[PDB]
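Trainee: Quick one, structure for this:
(chains A and B)
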Amino acid sequence: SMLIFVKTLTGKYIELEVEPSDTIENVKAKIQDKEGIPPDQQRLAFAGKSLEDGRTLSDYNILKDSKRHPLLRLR
Amino acid sequence: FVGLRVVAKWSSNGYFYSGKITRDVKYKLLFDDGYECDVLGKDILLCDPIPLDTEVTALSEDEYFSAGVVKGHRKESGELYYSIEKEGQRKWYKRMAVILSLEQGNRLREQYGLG
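Mentor: Numbering: from 1, shown residues only, chains lettered A, B, ... in the order given. Provided below are the atomic coordinates:
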């Protein structure tokens, strides 16, 4: 597992555990599960880069070591 | 405790986030992240600012949270900045970029925990 954070457009922080093999779709589903935001309406970005459907987190070089927890932002 | 600044978690194994007590009911908390929420006093640390040498988690400019140690405080325009050291390097962080892990908050409960 690895910890990531997600900031909503409400400004609220969410915490998720993910695997580097998780796809963007899986993440949006977790956001839906925790916040009730439809996948279809979530535009996830990391450091201003849009995260596209059917890639993994590892495809974007988001996930480093366990000590560093990336903040994804909804836009 | 109303009007007081606080760091508090809202989930059993979550992080502690900075906010304000808006009402005693559990306590009604407005988090600096804008989320409003009634949280147990058990989960509220009444420290403000987070004291020197506390181990915290802070959002770096590269959009990673990671652990560091509070080394200083600065209050400008009413806003609080923390100087936080990470592997020997110090940077300044806005209050809302500094949170506590469950373990990091647990270490403050005895001294600062509400109750």
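
Trainee: Apart from its chain neighbours, what residue comes closest to the residue in chain A positioned nearest to chain B?
Mentor: Residue of chain A nearest chain B, by Cβ to the nearest Cβ: residue A:11 (3.7 Å). Where C-beta positions appear, they are placed from N, C-alpha and C, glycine not excepted. Leaving aside its chain neighbours, residue A:11 sits nearest to residue B:34 (3.7 Å; criterion: Cβ to Cβ, 6 or more residues apart in numbering or on different chains).

Trainee: what helix or strand is the closest residue to residue A:37 other than its chain neighbours on?
Mentor: Among residues not flanking residue A:37 along the chain, residue A:31 sits closest, at 5.6 Å (Cβ to Cβ, 6+ apart). For residue A:31, the element it lies in under DSSP states H and E is helix A:24-35.

Trainee: ok, residue A:33 - how many residues close by?
Mentor: Per other Cβ atoms under 10 Å in any protein chain shown, the neighbour tally for residue A:33 reads 10.

Trainee: I'd like to know how far residue B:61 sits from residue B:92.
Mentor: Distance, residue B:61 to residue B:92, by Cβ to Cβ, to the nearest Å: 10 Å.

Trainee: and if you look at residue A:35?
Mentor: Residue A:35 sits 30 Å away from residue B:92, going by Cβ to Cβ.
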